[PDB]
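The structure tokens that follow cover one protein chain in two forms, given apart as structure 1 and structure 2.
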Structure 1
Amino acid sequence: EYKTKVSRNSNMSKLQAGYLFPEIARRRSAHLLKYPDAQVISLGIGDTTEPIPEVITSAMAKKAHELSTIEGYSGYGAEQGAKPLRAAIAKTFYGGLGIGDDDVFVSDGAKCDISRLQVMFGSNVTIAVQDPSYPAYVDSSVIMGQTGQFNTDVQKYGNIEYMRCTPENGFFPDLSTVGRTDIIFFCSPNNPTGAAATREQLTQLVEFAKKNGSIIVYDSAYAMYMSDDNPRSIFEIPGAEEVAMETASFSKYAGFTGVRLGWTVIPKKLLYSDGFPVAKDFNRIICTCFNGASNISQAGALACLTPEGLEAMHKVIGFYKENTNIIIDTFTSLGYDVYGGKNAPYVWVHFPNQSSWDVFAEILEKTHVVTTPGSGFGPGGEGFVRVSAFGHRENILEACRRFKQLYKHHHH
């Protein structure tokens, strides 16, 4: 067989396996070969299951129809996004926090923004992540060349600062034990633990970043699920504008998981060590490596940020919050320690003295329910299982009755 003379990217070689969620998909397929008549319920990947509100899809269809008229047709948008959408985002989510429309960059999703920010930061930065955290932060770091090899003894890539978040520290890092890095990826409410940082904790985080001269990348993707009285944006902390940016998405709010629209906010006071504004490099990246969110997706997002859109999103979020309460009540009834669920549409269940992949496998085998093993979100990680609350009501109720059957003899 012919082979080229080009070397495989050594950063790709550093990666341990496939992305977590593809590997789950594999095990689910293998399960269905074993049990062809199983009624599988997926509470794994956090994918929304209910229809997008009519107020939102009507706007998208209307925009689509307009594209076939002389008067309504539009080509390329500004790659930062439509001005009225940037304005609406700035007002709706950041009004009072000193964010201008020009600080908002509209994307096709937070996942893709993470990787574009990582292209911008480059191979020479060091990163810190919550441990556990959404696996894309770590994986994007490895791909960009920011790390060493994976150490199988500690289950960590070298040169990443994994800030451990545990029942014993209230799922917020002990910052006095955290080494300096250039970047700090910080998610609140956190995926997978569900923990939302308090104002006092975020204040300490900003103070930490300011003293270390770090940039915080704040992921507020689940902030609309907040029930506790905690900040929804990092920009609520005075000083955040000198050390933080924020990334977010409509995915979990509007059912936009397949529609594709997010944003990143980068303040004017966020500067590199030479005084260069970070937002100017992001703008370069966005103009050269991206061609903007879909015009139809942008019109949907614009429809969301209206009285009727906002009411529709509250109703949807409210439905998934009650799904999460059912799940919480289920595991608590069975005697497990269950974390999260209060401020986020998933629960973080403690299965001490077992490996999370084993618990994942046992739940899948016995109940035909897919969950997510905690070690998929990093070594801190082990052994919790994340259970998603997204699903039709009857599917959630049925999953929970299957859990009850599986776990009835465990406690006490």
Structure 2
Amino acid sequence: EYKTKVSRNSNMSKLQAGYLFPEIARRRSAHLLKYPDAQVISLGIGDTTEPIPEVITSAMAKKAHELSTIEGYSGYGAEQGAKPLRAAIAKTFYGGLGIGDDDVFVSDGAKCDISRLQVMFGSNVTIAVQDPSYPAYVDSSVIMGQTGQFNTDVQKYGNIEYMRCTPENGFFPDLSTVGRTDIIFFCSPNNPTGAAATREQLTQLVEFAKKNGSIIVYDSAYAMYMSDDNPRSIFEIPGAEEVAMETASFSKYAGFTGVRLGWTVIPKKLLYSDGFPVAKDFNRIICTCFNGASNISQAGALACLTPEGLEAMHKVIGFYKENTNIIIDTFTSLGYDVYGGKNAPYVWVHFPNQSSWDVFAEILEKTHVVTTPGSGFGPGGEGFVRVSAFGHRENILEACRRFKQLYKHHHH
């Protein structure tokens, strides 16, 4: 067969076999061949299941129709995002935090902006991540050339600082043990652990980054599930404006898909070592990778940031939080150590003395419930399984009675 003489990107080659998302899809389909009649319940991926509130879809449909009229029509979009959306985001979520409308960069998605940020930072930065955390940070880092090879003895890529977050340290790293890196990806409430950093912890984090001359990329995607009295934004910490940016996903904030839209806030005081403002480079990257967020999505996002939209968001969030309580009580009554769930829509269940892939396989085999193995979120996730609260109420209740059948004889 013919082959080009183009070398495969050696950073693609670095990636380990059996990435979380394609692996779960494999096992789930293998499972359905095995049990063609199984009623499978998915509590894997943070994948939301309830209809978009009508207030938002009406706004989107209205914008849709308007795009077929003259005066109601508009061509492309402002590349940083429509000014009214950037304004509404700055005021609704960052009012009093010293954030201007022009510090907010709107994108078509949040996972999209991890990527754009990684292209911007480039191949020669080093990164720290929570261990465990969402696998996209690590993966984007490998792909950009920021890492060494995977080491299968420690299950880590070389040159990434994995900051261990455990029950014994209250799921916040011991910073006195963390090596300096250029970038610190920090997600609060964290996926998968559900842990939300306290004000005192985020103060330590900002002080650490200041001393090390690092940039924190703070992912507040799940901040709307906060129940404990903890900061929702890194910019609530004085000094964060010299060392941090913040990224969030509308879909995760609103508790529903359909508004395909994220943002990144980069403050004026965040500077590279030569004094150049980081925001100017991000803006420059948006002028090559982008044209604008979709105007129908923008119309929905704008509808969200109103009394009626905030009320619909709160209600949806409240529904998933009651789903989480059902799951917590199920595992707690079964005798397990259950973490998270308070400030996020998933629970992080400790299964000590089994590999998380084995637990995942056993739960799927025996109950037809899909969960997510902890080791999918890095080596610090080994020992745990994440269970998502995203599903119809009936499905959550049915999954929990199946857990109860499965695990009844495990504990006393």
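FYI, numbering is relative to structure 1, first residue = 1. Note that the rigid core is defined as the largest set of C-alphas that superpose within 1.5 Å between two forms.
> At a threshold of 2 angstroms on the CA positions, core aligned, which residue out of 88, 259, 328, 117 shifts between structure 1 and structure 2?
The answer here is 259.
> Relative to the superposed core, what is the Cα shift for residue 292 between structure 1 and structure 2, in Å?
On core superposition, this C-alpha lies 1.7 Å from its counterpart.
> Once the rigid core is matched, what's the CA displacement of residue 229 between structure 1 and structure 2 in angstrom?
Once the two forms are fitted on their core, the shift reads 0.1 Å.
> After fitting the core, how far does the CA of residue 18 move between structure 1 and structure 2, in Å?
Its C-alpha shift, to one decimal, is 4.8 Å.
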